[PDB]
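Shown here is one chain on its own, the form deposited in one PDB entry, set out as structure tokens.
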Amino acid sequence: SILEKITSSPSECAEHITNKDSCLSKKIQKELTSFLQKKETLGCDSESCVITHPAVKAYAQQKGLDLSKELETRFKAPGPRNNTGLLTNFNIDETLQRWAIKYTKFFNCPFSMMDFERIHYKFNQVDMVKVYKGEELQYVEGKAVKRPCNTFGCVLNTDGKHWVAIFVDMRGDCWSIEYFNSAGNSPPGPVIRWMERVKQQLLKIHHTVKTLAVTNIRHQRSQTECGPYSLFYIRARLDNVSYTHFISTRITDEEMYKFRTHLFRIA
């Protein structure tokens, strides 16, 4: 649960592209070598800044190239990388969507509110057996995709806009349904019933299924890191970091400030 124990990095390249230097494709890289080799003229320190400079966008588009496609892919989603701004619904969906690209068996459920028992949300409509069997729809790279998933992840709002994480591990011999709250508060009734419904569903295809509330420690003392805490839990659990770390040791908000540089590209 320390920032160096997971696979992310402060790089702005998308997590799935294993490119040594540039996040750009080979065609775009040499097509824009004139602007890439002199970033500090356009007023840029990064590649996402260059291919978003209106003049570079003019050249490559009057040359047929698609720099917007090069920005949606190959790059992490834009967001509060270097500030304590609250994470929007798009900061979270676009994060789990990009995490469905590298992590080929992860289910990126769209963000849900706490009203899912009375309002339709994909979170309350999924069937975890269909998720495991590969019969539920998830949005990866833009297309609708049905694929077998051994992991399930979602981030909900407990209503200001406070984010909490849901992670379902169906990989090992013990299947766990987890609720994480950085504020250390117990899950409300609906989530408390949702996890129990997923337990009975998963007991159809596996003999051991347990529900757990990772709500022991008040990790968050700041007012802004609800998002980074929730996204960090899913990413750490995806990298096989045990939930017992989040149960026993406090992760400071300063590590969540630092984790924001792993999440976004300024835009």
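Rigid core (definition): largest C-alpha set, two forms, superposition within 1.5 Å. Residues that one form lacks are left out of the comparison. Don't overthink the numbering: it's just position in the shown sequence, from 1.
The next section is about a form of this same protein that is not shown, the form deposited in another entry.
Peer 1: State which of the options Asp127, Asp93, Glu117, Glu141 undergoes a Cα shift of 2 Å or more between the shown form and the other one, taking the core as fixed.
Peer 2: One residue passes the 2 Å cut-off, namely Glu117.
Peer 1: Your call: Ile119 and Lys199 CA atoms, closer or farther in the other entry versus the shown structure, by 3 Å or more?
Peer 2: It is closer: in the other entry, the C-alpha atoms of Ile119 and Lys199 lie at least 3 Å nearer than they do here.
Peer 1: Explain in one word, closer or farther, how the Cα atoms of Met195 and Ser112 are placed in the other entry relative to this form, where the distance changes by 3 Å or more.
Peer 2: Relative to the displayed form, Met195 and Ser112 move farther apart in the other entry - a change of at least 3 Å between their C-alphas.
Peer 1: At 2 Å or more of Cα shift, core superposed, where are the runs of at least three residues that differ between the shown form and the other one?
Peer 2: After core superposition, the one displaced run is 110-124.
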